[PDB]
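Please note: Cβ atoms are built from the backbone with ideal geometry, for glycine as well, and neighbour counts cover all protein chains shown. No value in this document is a laboratory result; all are computed from the given coordinates.
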Amino acid sequence: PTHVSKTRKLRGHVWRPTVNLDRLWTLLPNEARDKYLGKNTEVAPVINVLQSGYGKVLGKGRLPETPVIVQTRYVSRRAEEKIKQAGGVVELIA
Amino acid sequence: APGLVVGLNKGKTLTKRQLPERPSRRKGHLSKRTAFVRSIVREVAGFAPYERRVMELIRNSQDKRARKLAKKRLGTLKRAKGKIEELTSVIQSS
Amino acid sequence: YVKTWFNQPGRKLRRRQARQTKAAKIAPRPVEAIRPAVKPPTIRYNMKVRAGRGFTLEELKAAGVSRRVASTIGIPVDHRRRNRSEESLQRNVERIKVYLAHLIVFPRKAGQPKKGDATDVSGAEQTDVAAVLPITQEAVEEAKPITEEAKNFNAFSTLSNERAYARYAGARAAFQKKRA
RNA sequence: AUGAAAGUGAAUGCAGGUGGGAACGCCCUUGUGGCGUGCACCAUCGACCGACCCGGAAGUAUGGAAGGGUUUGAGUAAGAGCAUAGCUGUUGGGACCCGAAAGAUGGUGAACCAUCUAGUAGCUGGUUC
RNA sequence: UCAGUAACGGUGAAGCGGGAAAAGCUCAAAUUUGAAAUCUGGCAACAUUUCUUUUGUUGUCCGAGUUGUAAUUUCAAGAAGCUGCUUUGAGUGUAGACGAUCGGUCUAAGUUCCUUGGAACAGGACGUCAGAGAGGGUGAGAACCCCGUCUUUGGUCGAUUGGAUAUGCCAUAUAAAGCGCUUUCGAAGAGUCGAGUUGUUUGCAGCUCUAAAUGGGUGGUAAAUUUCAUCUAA
């Protein structure tokens, strides 16, 4: 818009995306979280970070104590132990 | 393929199926007909002067100079070594 | 110089009329040919599944259709591609199989069934191929138990050292051939 | 996020304390004052990850941990950015307008012509209620 | 989109991914030696036409052509032997439907009264059509005076053509091809590739040399050589 401009007032005056453990439980479908988080079930949920375009699973954050299997290409050196006491397992994608 | 990412076995672990051999790779194979034709043309056409010069170099055991001179003529070591070996077989054949 | 886009609605409408004219020209047969299920070739995309150019000569041989019949009935053939993992054999095979199952070939020369083409012809219908033959993504697994043997499997025991083993394999192999 | 790169890759402590700190509650039932609480924060700090240095629990030559620095990062420490419009400033396009000789290309005639050209403008002049 | 990234030193890509569009192939390199089976042209007939203007066919003659025209084959292969399934026209009238265009034709309702005005297409009163209230003209702002607009992706009437549908008639069809197998054979493009050298924007070009058959090009590796991968130039 020229009418608001200053000229109309001067007239005359001259590859590896990263995911941390505070976010794995957000990658599930919400019904999977509803029916699998916190329930003492024999079978544990499985998370494939690669299906969300994530290469390496870093370990920042706390975890719920529900066991969960995480499938990943690469993993940070603490991210695996935190899921040990979380009761779930980590196994490595080829 | 150890179901993993790294190593001199790496890859996603599957059952590779033995693929067939395609006719494009056939190139370089010797035909008795063309091998006969090359024999005929070699016997009738003769030799260019530079391989002539190097072969009595083989005859008088002047191998190193001939190898260097053959390298100068063609340009690559493999062409040179391929040249001298076939002339030597000609030398013993004669 | 300066490429302007004032024809963008016009060019879109041209393609629509191109498809409608093309489809109406060959109405009996589907507008879009089928394509195989193929995997993008790189570490960033290799997990995904997309549509390739054509089915390799291995697959037509397995599916029981010659490379000539396939071209006539709308199956594109790719000669450059070669499929090595027998799943890629598989996933393309029933893809050809179900396409043939839903395929109806109108008999030539006044509707006398030849070989096994078809008998009915009133079932002429032009359908989207991606409807009857959609391409699916990778089948992911859900709710698998145990694997506490993988628990003791402490990741870097493979990763850190086998990566070092791979890095030093050349030097190691040179060492073994040296003192031998 | 860090590192030159291989590569590794961030709640200490109600995801902290240390003081303070917003309003509120909270009164002693007045309010004030305090009781607090502590937001943004604020400064400090405890630290948490990478680099740097010393050390090598282990675990398959390889290799890494525990631990020690008061060296390092507009680092983590309970994400705040993305898109659109407007204003203003700046950079580049002819670039607020006007104006210098010149140079090139291709032509016409025995110097001229047309294009490149809206040129080099560090200036002169003008620049609208 | 990668990406103003890699790379170069302001210049400035590409692989991958998404989408538009998709369609594949032909020769040379071997023979048919129990048949040059091939082809242009002259001449006589038969036709056909966007078309008396076009396009062919048959017959015959002549020439081209063994320094190579046909058939088969092109690396995805393929040739030659073996097997049982599958198939098949480089045709010709009629009817109907389908669309393309041109050529033409058909399109609803006030010009009824009063005032102003040179003129009513203005104002007021009373109506009408509307799949038509886009627009233009007519003596001033006209849906109803006119051309048009809408119905119209239509009715009609020609003319051809689109190719399918059915039909009729010839065809020749003693046929060839696809795929189970091989008891194997597989020819594969040279002053070209390449190397050095000079110019110019790795590419190309002049210059001298000049290749090879698992060879050659190209890269991940190694190592400076190597494996490995991928492709088959002239």
For the stretch A:45-94 and the stretch B:4-34, distance of Cα centres in Å: 37
Exposure proxy order (Cβ contacts within 10 Å, fewest to most) of A:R77, A:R16: A:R16, A:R77
Net charge of neighbours whose Cβ lies under 15 Å from the Cβ of A:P1, counting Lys and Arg as +1 and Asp and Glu as -1: +3
Backbone N under 12 Å from the C:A62 label point (7 Å along Cα→Cβ), restricted to the stretch C:94-136: C:94-97
Of the DSSP H helices in chain C, those whose Cα atoms cover at least 27 Å axially and whose Kyte score averages -1.0 or more: C:156-179
Chain C: most fluctuating residue of C:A118, C:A164, C:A23 per GNM, C-alpha cutoff 10 Å: C:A164
FRET efficiency, 1/(1 + (r/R0)^6) with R0 22 Å, evaluated for B:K27 and C:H79 via beta carbons: 0.85
Kirkwood Rh and Cα Rg combined as Rg over Rh, evaluated for chain B: 1.26
The stretch C:1-156: mean projected area of Cα convex hull, nm²: 17.5
Inter-label distance for C:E142 and C:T72, nm, one decimal - labels placed 7 Å from Cα along Cα-to-Cβ: 4.5
Label-point gap, in nm, between B:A45 and C:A169 - each point 7 angstrom along Cα→Cβ: 4.5
Tensor-based shape of the stretch C:122-180 (alpha-carbon gyration tensor, a/c under 1.5 rounded, otherwise prolate or oblate): oblate
Between 0 and 90°, nearest 10: helix B:63-74 axis offset from chain B longest Cα axis: 70
The protein assembly as shown - charge dipole about Cα centre, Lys and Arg +1 at Cβ, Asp and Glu -1, debye rounded to 20: 3020
Residues C:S66, B:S93, sorted so that the one with the fewest Cβ neighbours within 10 Å comes first: B:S93, C:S66
Fewest-first sequence of A:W25, C:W5 by Cβ atoms within 10 Å of each Cβ: C:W5, A:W25
Under-20-angstrom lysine pairs by C-alpha in chain B, whenever the two are 8 or more apart or on separate chains: 12
Highest-fluctuation residue, C:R14, C:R68, C:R50 considered, GNM on chain C with Cα pairs under 10 Å: C:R14
Most mobile listed residue (C:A62, C:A169, C:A27) in chain C, GNM with C-alpha springs under 10 Å: C:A169
Tilt relative to chain B, helix B:49-59 - C-alpha long axis, 0 to 90 degrees, to 10: 90
Value of [θ]222 nm, deg cm²/dmol, for chain C, DSSP H segments ≥ 4, -39500 (n - 2.57) each, nearest 500: -14000 deg cm²/dmol
The stretch C:1-51 - convex hull of the alpha-carbon atoms, volume per residue in Å³: 152
Inter-centroid distance (Cα atoms) of the stretch C:128-166 relative to the stretch C:55-90, Å: 29
